[PDB]
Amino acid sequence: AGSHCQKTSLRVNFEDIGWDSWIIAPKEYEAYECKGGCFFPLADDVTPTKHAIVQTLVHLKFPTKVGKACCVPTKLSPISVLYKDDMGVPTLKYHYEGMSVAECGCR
């Protein structure tokens, strides 16, 4: 199937999320999103752990008692932001970690 767990675009405006109080720049960045579902047969590039597999199997058997595996970011990349310091000096954070999806997987 072609509707499995995968990286798709998500452009994030810092004002929308209340972060423009401390981020001067940029206005928007490409965060990613991980979209789709984790069901058998698994999409090939989704990594999965043995727990995710077992959980997906248990969820088929008891769909009302046990959740499914979740499609989530499993590796993240940094971006750079311009924020303000104590004297109000615009300052660059070169690698602000965990901001964009590098990889998605079932977990």
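Take the two forms, find the largest set of C-alpha atoms that superpose within 1.5 Å, and that set is the rigid core. Counting begins at 1, following the sequence as shown.
For 62-70 versus 36-44, the mean Cα distance to the shown form in 6 other deposited structures of this protein after rigid core alignment is larger for 36-44.
Of the two stretches examined, 85-93 and 6-14, the one with higher mean CA deviation in 6 other deposited structures of this protein after a rigid core fit is 85-93. In this crystal structure, the stretch out of 25-33 and 63-71 whose C-alpha atoms carry the higher mean B factor is 25-33. Mean C-alpha B-factor is higher over 40-48 than over the other stretch, the pair under comparison being 72-80 and 40-48.
Among all modelled residues in this chain, the alpha-carbon of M99 has a temperature factor (C-alpha) in the lowest third.
For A1, the recorded CA temperature factor ranks within the highest third of the chain's modelled residues.
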